[PDB]
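Worksheet: one structure, shown below.
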Amino acid sequence: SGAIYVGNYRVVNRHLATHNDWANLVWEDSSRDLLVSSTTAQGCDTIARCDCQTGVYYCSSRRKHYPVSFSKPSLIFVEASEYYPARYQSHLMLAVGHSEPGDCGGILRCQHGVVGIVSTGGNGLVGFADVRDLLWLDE
Ligand SMILES: CSc1ccccc1CC(=O)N1CCC(F)(F)[C@H](C(N)=O)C1
Ligand SMILES: [Zn+2]
């Protein structure tokens, strides 16, 4: 679990979005595993606008933050689940680090702010859905 609260927006993993999120839908993309819903209260997370390949993510299965090097956002193949058939997930960045299902939603940050959220993992790897290209979140 976990979300990004920026202005009048809430960003979550699409596979974990609630009935409230769907009844206040702004945008969603299955290929990215993202869903953005509207909020009445003002969010104070800052989104980074950079090309950083290093940062820190929160890992709930260890109650710890870890520093990581991560790849540039790309199309990476992801195996079937109760949420999605076998497919390429776009805007995904991989890093060598611990993750378990339950860690999805953990924020990844660099010195410029919020980079993205945990969305995939396994085999000593962790995948993050990038949010830095969604320029409309600030405006
Ligand atoms: C941190 S997720 C993780 C970690 C270790 C091992 C396994 C997982 C689970 C995982 O990779 N999934 C299941 C959930 C999901 F939303 F459908 C993901 C996706 N974005 O398609 C794929
Ligand atoms: Zn950065």
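Following Swiss-Prot, chain A shows residues 869-1007, kept in their order.
Just so it is clear, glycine is given a Cβ too, placed from its N, Cα and C backbone atoms.
Other Cβ atoms within 10 Å of the Cβ of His883 (active site, for protease 2A activity), summed over all protein chains shown, number 16. Annotated active site, for protease 2A activity per Swiss-Prot: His883 (among others), in sequence order.
Annotated active site, for protease 2A activity per Swiss-Prot: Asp901 (among others), in sequence order. Note on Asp901 (active site, for protease 2A activity): other Cβ atoms within 10 Å of its Cβ, all shown chains, come to 25.
The feature Zn(2+) 1 binding site is assigned by Swiss-Prot to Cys918, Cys920, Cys978, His980. Remark: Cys918 (Zn(2+) 1 binding site) has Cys978, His980, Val983, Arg1000 as non-local neighbours, by Cβ distance under 8 Å and separation of at least 6 in sequence.
Residues annotated as active site, for protease 2A activity in Swiss-Prot, with similarity to another entry given as evidence: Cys972 (among others). A simple way to gauge crowding: the CB of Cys972 (active site, for protease 2A activity) has 23 other CB atoms within 10 angstroms, across all the protein chains here. The secondary structure of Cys972 (active site, for protease 2A activity), as reduced to three states from DSSP, is coil rather than helix or strand.
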Of the recorded positions listed as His883, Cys920, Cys972, the one whose CA lies nearest the CA of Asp901 (active site, for protease 2A activity): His883
Sequence-ordered recorded positions from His883, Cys918, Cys972, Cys978 with Cβ under 6 Å of an atom of ligand 1: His883, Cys972
Other CB atoms within 10 A, centred on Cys920 (Zn(2+) 1 binding site): 16
